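Data first, discussion second: the structure below is written as structure tokens.
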Amino acid sequence: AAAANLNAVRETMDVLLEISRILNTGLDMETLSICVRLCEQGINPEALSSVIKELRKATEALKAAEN
Amino acid sequence: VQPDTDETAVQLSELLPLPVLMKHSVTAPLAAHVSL
Amino acid sequence: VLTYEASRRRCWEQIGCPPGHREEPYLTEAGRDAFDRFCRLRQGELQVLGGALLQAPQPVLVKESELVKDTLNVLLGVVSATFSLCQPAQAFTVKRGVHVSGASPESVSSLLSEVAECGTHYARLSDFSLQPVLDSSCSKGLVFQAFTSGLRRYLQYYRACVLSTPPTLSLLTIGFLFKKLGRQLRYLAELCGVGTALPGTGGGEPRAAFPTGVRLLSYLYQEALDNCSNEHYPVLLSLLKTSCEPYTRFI
Amino acid sequence: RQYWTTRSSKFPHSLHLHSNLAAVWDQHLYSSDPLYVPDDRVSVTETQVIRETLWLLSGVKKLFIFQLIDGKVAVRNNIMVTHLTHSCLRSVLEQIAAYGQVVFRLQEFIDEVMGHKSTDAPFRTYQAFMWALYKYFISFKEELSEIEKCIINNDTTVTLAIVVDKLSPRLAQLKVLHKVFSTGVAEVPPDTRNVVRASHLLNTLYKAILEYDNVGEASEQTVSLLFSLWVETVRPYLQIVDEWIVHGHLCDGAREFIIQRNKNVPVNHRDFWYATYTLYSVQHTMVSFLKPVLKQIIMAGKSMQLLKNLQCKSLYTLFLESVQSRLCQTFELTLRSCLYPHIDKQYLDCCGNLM
Amino acid sequence: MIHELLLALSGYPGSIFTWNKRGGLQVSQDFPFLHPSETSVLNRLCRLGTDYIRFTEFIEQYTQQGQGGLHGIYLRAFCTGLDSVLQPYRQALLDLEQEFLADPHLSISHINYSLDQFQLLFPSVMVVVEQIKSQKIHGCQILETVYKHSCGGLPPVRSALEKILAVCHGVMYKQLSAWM
Amino acid sequence: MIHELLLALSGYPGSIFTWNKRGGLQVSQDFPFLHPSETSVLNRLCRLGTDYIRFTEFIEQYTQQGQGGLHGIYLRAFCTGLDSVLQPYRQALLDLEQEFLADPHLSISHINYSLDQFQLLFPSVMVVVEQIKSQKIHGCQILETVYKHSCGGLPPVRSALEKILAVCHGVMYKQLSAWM
């Protein structure tokens, strides 16, 4: 049963990876589950998306400043 | 005191049989020494 | 918590999520632990048919490591547990039917018994190789002295070869590595007969004993002349060529 | 409760008619006809059938279901599979059993050739065919062993179509060489004496090399296997030629040669050129590949026998080098090229040296 | 599993395959995986098993011809040549046992396929040896069976007889050395 | 119910599908779980299935030299070329089988959408082969019927014809090279 859960999680992760690669989102595998599952606790999808966008902008700024 | 599988004397008295070489060298010298 | 992988076993009979579990595959294509249960069950069925007539032959649970250790024991010609020099053995006497890696004891201890014949011949032969030193008060002259001193030193060289290998060699491989050595021992011990606890053969044929005095030299010289170029025949030929030096001193 | 056991496999899988094909078909039967008493075909796992098929490809004597009957591959029609229908299963069984029966007869022939003089010799054509069959069946069993390794993975499987594709050159050469062996063997009748049998087999082998010449231009696998078998078969004849050209004779007198070895002619006899160096029937069992060469062949054989009497890379090796150089088209290319250069040089040089 | 099989190959009769060469490698019908594949594999292995049991018995008898049989010391040399041929066979058995130890999922069928070369060559060499010995051709008369058997098409049997003939050539050289 | 329908189209008729020799790839219509028009699409595929069965029969009959039918390297080459074209079809079938086995819910409609390409290239080749068999052409006659059809319009069919004609003109080139 738990092996079934693991297999289903892997399958969902692969489906999500394909969806992300098709969307060309640029989101990393680190947001494999942590990104989606944390919002799965009932986070405001608009607020979470805005927070992700702010994190992306800050990360881009940090990369540019490091460069 | 005999050695390990040292093929030298083994073949000396085996390919040419033991008494063969023994009579060729020793027993022939033995007969010569007895006659002398 | 997503690092899991899955089974590639995909079945057209399992129309859903197939794990892939086999069906207790063929013990021929996999054993050494389950073939143990199967062969032990076959031996037990044979025993139940015959009235549990194994007692000792009931598997002496022998780790392949333990078997290799006992082989290293008999590698010195010693009397291991399955090579004990029992009262009616004088030499290798088997343990309680050692089983094999994934087998019952019948064939396992049968190959072990072949190796035990080899190691029993080794124990008796080492005792026979001590015949010159052992027969210090010998009324047979330098014949037994030189011959069995040669036997002792040749057994020392043979022991160097035996101990030169690790004690964890395959039983069949070791037996093959001593098959020529086994033939040499059998031919020599058939002329020796060095059973001690249970007297008689020390290897080879039912060797009651060895010929006496320099009459043992006479019989040995005739034999070495005829039986030449073999495991013991070449070994005995070299020993006779060496004892020719004892013959030189006798001259 | 398997074919290993004495019972049908009675186990479940993922439910519904997707995996219930026999169960689905049986439902169609029983429901459409309530009296459709399903023939209690012993349910068998498809993968278990695959393992048994791998054993049969390796050369298993039979299977509980796939029991080779009448020499040919046969199946106990009292078996079923929930993942398939009887007819489809039967079609798959027959597709396997075509090569199964062919290879049953072929393995019987190879084993019979294996069986598992002094101035004469044995029918070395039979032994050469046995060795060539050894190599070919070795390739087949190696393919079966690869399939068995795939099975032993137990986590990956292949459609029997996949196995057949792996056996593509295998099965093609199987059919082609089945016809070729039919030609060589049956044409060399049991009545065909060692000479007759070898001559008929050699003629059929040359004809089959010319026949599989155009059975497909990509048959170079099957064609090369036939070429290797023909080289092996020649190796009897090539060795005979080498012996009769080096020593003029040898401890080999097989009487498998289609040449009339009228050996009653003594070495110190003029007639030894004709009687011993004559053409044997079952003007004889002659093939133009060697019959056109037969005049110079008789001359060279008589010359070698006479050179041995006067004294009183072999032909096979050079032929092997030429065959490696050579190996759609037929055996004519390589055979003619070797016979002209190699055979012409051998004949002329042997005649000159003996003279 | 393959433990008892290799034991019978080493001279230790498997409980199922009782390797008493008189009764052959008599396979008891207690077959695990008791399909004709398993039984056929048992029989195929038992072929070479009984062949090797008889071969070992013969080598023990050749541990030898100078007696009332076909007189000649060459029988012990023939035993030596056969054992030299089996040395490749013994090495094959050792390598197979090592592979079986390595393979948890034992490749029993592949092992049989791999050893089939020696198993097939065994019948031909056995037939040649039976021609030499059962005919009781004393001296090199038994040698003639293989020496004029040079028209032997079986390359495996050809190589085994080639080893035996190397032994025979050496023995003949030694005999000629004595007679000279 | 997918795997056996594929097996039946694989050149091995099933049970709900009956490969009538003259009735083509007919289908015993007594099973549940689909619409008859779904069975009608399956019958459109069965057209190709029966075509494959007949093509296999012809290829085996034209892959056997003394018969009065068309012979020569041309017939064997035509059979070989048709088989090599079916290799893309066989590979596609195997890929589709793997995909359907991999998906818990892989609709047969999806199977149809995958097999549409092969069904698109199939019928033109079937018509050409039937015409070639009716013509009973031999020698370079079929080689010119081919050259007539080698101006084809079906892109997959046109390319397959180009490949087969390349193989054929290669054979003609080999014949002329021998003549040169």
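Structure summary
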read-out: Failed criterion for C:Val115 (all others in (1) within 14 Å of another protein chain (Cβ to nearest Cβ); (2) farther than 19 Å from C:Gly195 by Cβ; (3) not acidic (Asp, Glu) hold); value: (2)
read-out: Test: E:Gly81 is of a type outside the set (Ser, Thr, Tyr) and within 12 Å of chain C (Cβ to nearest Cβ); value: no
read-out: Hey, D:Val231 surrounded by fewer than 22 Cβ atoms within 10 Å (Cβ to Cβ) and within 12 Å of another protein chain (Cβ to nearest Cβ) or not; value: no
read-out: Options C:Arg32, C:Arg22, C:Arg37: the member that is surrounded by fewer than 16 Cβ atoms within 10 Å (Cβ to Cβ) and in a loop (DSSP other than H, G, I, E, B); value: C:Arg22
read-out: One residue from D:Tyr206, D:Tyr212 being within 17 Å of the chain's Cα centre (by Cα), in a helix (DSSP H, G or I) and surrounded by 24 or more Cβ atoms within 10 Å (Cβ to Cβ); value: D:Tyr212
read-out: Which listed residue, of F:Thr39, F:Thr56, is surrounded by fewer than 17 Cβ atoms within 10 Å (Cβ to Cβ), within 14 Å of another protein chain (Cβ to nearest Cβ) and within 23 Å of D:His28 (Cα to Cα); value: F:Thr39
read-out: Qualifying residue in segment C:184-205 (condition: surrounded by 23 or more Cβ atoms within 10 Å (Cβ to Cβ) and among the basic types (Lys, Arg)); value: yes
read-out: Every pair of residues 6+ apart whose Cβ atoms lie under 6 Å, when the first sits in segment C:135-155 and is within 14 Å of chain B (Cβ to nearest Cβ) while the second is surrounded by 19 or more Cβ atoms within 10 Å (Cβ to Cβ) and β-branched (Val, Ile, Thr); value: C:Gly150/C:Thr242
read-out: Verdict on D:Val103 being in a loop (DSSP other than H, G, I, E, B), away from every other protein chain (no Cβ under 11 Å) and buried (at least 20 other Cβ atoms within 10 Å of the Cβ); value: no
read-out: Enumeration of residues in segment C:173-196 that are closer than 16 Å to C:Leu76 by Cα, of a type in the set (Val, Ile, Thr) and part of a helix (DSSP H, G or I); value: C:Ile174
read-out: Flag for F:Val85 being within 25 Å of D:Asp26 (Cα to Cα), β-branched (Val, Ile, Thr) and in a helix (DSSP H, G or I); value: no
read-out: Matching entry among E:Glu162, E:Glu99 (being more than 9 Å from every other protein chain (Cβ to nearest Cβ) and closer than 21 Å to D:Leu144 by Cβ); value: E:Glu99
read-out: Given (1) under 19 Å from the mean Cα position of the chain (by Cα); (2) of a type in the set (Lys, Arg); (3) surrounded by fewer than 21 Cβ atoms within 10 Å (Cβ to Cβ), number of the condition D:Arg124 does not satisfy; value: (3)
read-out: Scan of segment C:132-172 for residues that are touching a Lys or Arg at 6+ places or on another chain (Cβ under 8 Å) and closer than 21 Å to C:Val79 by Cβ, ordered by number; value: C:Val133, C:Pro167
read-out: Test: residue in segment E:4-17 that is surrounded by fewer than 20 Cβ atoms within 10 Å (Cβ to Cβ) and within 18 Å of C:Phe35 (Cβ to Cβ); value: no
read-out: Set D:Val113, D:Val158, D:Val195: member being under 28 Å from F:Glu60 (Cα atoms) and β-branched (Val, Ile, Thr); value: D:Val158
read-out: Evaluation of D:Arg7 against (1) surrounded by 14 or more Cβ atoms within 10 Å (Cβ to Cβ); (2) of a type outside the set (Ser, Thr, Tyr); (3) within 14 Å of chain C (Cβ to nearest Cβ) (one fails), failing number; value: (1)
read-out: Residues (out of contact with any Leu (no Cβ under 7 Å at 6 or more places or on another chain) and more than 9 Å from chain D (Cβ to nearest Cβ)) located in segment F:7-26; value: F:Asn20, F:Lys21, F:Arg22, F:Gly23, F:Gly24, F:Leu25, F:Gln26
read-out: Residues located in segment C:55-83, provided they are away from chain E (no Cβ under 14 Å), crowded, with 22+ Cβ neighbours inside 10 Å and not hydrophobic (A, V, I, L, M, F, W, C); value: C:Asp70, C:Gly77, C:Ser80
read-out: Output for segment D:118-128, where each listed residue is over 17 Å from D:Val196 (Cβ atoms) and either more than 8 Å from chain E (Cβ to nearest Cβ) or out of contact with any helix residue (DSSP H, G or I) (no Cβ under 6 Å at 6 or more places or on another chain) (or both); value: D:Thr119, D:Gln127
read-out: Selection count where residues are surrounded by fewer than 17 Cβ atoms within 10 Å (Cβ to Cβ), closer than 26 Å to D:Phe11 by Cβ and more than 9 Å from every other protein chain (Cβ to nearest Cβ), scope segment D:63-100; value: 3
read-out: Residue in segment D:21-59 that is surrounded by the fewest Cβ atoms within 10 Å (Cβ to Cβ), counting only those that are of a type in the set (S, T, N, Q) and within 8 Å of another protein chain (Cβ to nearest Cβ); value: D:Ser32
read-out: Segment D:289-342, subset part of a helix (DSSP H, G or I) and charged (D, E, K, R), residue surrounded by the fewest Cβ atoms within 10 Å (Cβ to Cβ); value: D:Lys295
read-out: Residue pairs meeting the criteria (Cβ under 7 Å; at least 6 apart or on separate chains; first facing chain C (nearest Cβ under 10 Å) and surrounded by 11 or more Cβ atoms within 10 Å (Cβ to Cβ), in segment B:22-34; second of a type in the set (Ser, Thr, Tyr) and assigned to a helix (DSSP H, G or I)); value: B:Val26/C:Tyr247
read-out: Selection count where residues are more than 15 Å from E:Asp51 (Cα to Cα) and surrounded by 20 or more Cβ atoms within 10 Å (Cβ to Cβ), scope segment E:114-144; value: 3
read-out: Top-ranked residue in segment C:1-54 [being among the small types (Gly, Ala, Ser) and in contact with a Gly (Cβ under 8 Å, 6 or more places away or on another chain); ranked as nearest to the other protein chains (Cβ to nearest Cβ)]; value: C:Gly31
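Here's the yes/no breakdown for (1) under 20 Å from C:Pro167 (Cβ atoms); (2) touching a helix residue (DSSP H, G or I) at 6+ places or on another chain (Cβ under 6 Å); (3) part of a helix (DSSP H, G or I):
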{"position": "C:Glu66", "(1), (2), (3)": "yes, no, yes"}
{"position": "C:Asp70", "(1), (2), (3)": "yes, no, yes"}
{"position": "C:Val79", "(1), (2), (3)": "yes, yes, no"}
{"position": "C:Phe83", "(1), (2), (3)": "yes, yes, no"}
{"position": "C:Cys86", "(1), (2), (3)": "no, no, no"}
{"position": "C:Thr93", "(1), (2), (3)": "no, no, no"}
{"position": "C:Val115", "(1), (2), (3)": "yes, yes, yes"}
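Residue-by-condition table, conditions (1) assigned to a helix (DSSP H, G or I); (2) closer than 28 Å to C:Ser7 by Cα:
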position	(1), (2)
A:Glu11	yes, yes
A:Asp14	yes, yes
A:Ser20	yes, yes
A:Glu30	yes, yes
A:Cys39	yes, no
A:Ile43	no, no
A:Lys53	yes, no
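Bear in mind these aren't lab numbers, they're just calculated from the coordinates by the rules spelled out. Reconstructed Cβ throughout: ideal geometry from the backbone, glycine too, with neighbour counts over all protein chains shown.
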